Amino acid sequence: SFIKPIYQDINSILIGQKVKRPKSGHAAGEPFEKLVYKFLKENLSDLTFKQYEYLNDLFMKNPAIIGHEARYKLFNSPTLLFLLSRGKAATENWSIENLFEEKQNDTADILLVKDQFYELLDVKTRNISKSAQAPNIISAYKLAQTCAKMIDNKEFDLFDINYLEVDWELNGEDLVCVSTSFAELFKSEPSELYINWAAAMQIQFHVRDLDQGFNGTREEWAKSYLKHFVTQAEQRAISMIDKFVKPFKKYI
């Protein structure tokens, strides 16, 4: 991680920050995400990007090459391409006068890049005024496809996927940050990631709870996740028949 070396500093600047309640179901804690960026672009300016900002810069410094095929080559990693790139029509039609903008389903919120090593940073906000279920972290299926691509291309040293939880509570008319938490996906026991199939097949956890004691290599992390994923997939197929078919057959 590139953030980790300064986590304490950004934990300091955030705790207490205030944002105004939205238009008196989704975001609303979003202003914090922007606050993180700003307070990351200041300390690690040359490393910090919005996912879309990175693609723009990358295509921008390659005026010679055009066409989607050539532009995808620019990624130099089947995995990163999968994880970070935009569609066929979007890459083809990119131009300095038609840049990529925020897309709702982008893998990362912040991209920190340094010497070909990418840290995919995802920001999560939490209303701590209440005990809620863990939020969507990332699609279990997307991870499955990443690991497989990592195994196929032996790309075990190209990127990390880290999270930052920012907790806030309502105090008056503003929302105020009261705590933060950092964690790395590839530091946890892949066998213990909870996959909520109904919830868009998302791995679900509270960042403060994600265990950080996995001791094997990156290749072992991916292999063990793929086992865990296939196994949970089979269980879910068994359970759906029990929760969605069995109790309703009497009506057919």
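When you see a residue number, it is the position in the sequence shown, counting from 1.
- Once the C-alpha B-factors are averaged per stretch, 136-144 and 150-158 rank with 150-158 first.
- Taking only CA atoms, the mean B-factor in the PDB entry is higher for 36-44 than for the other of 50-58 and 36-44.
- Ranking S85, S129, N105, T79 by the C-alpha B-factor listed in the PDB entry places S129 at the top.
- Across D109, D115, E165, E101, the greatest Cα temperature factor reported in the deposited entry is at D115.
- Placement of the Cα temperature factor of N215 within the chain: highest third of the modelled residues, per the deposited record.
- Annotation for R208: CA B-factor lies in the middle third of the chain's modelled residues.
- When the modelled residues of the chain are ordered by their C-alpha B factor, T125 lands in the lowest third.
- Among all modelled residues in its chain, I195 ranks in the lowest third by Cα B-factor.
- In the deposited entry, the Cα temperature factor of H228 sits in the bottom third of values across the chain's modelled residues.
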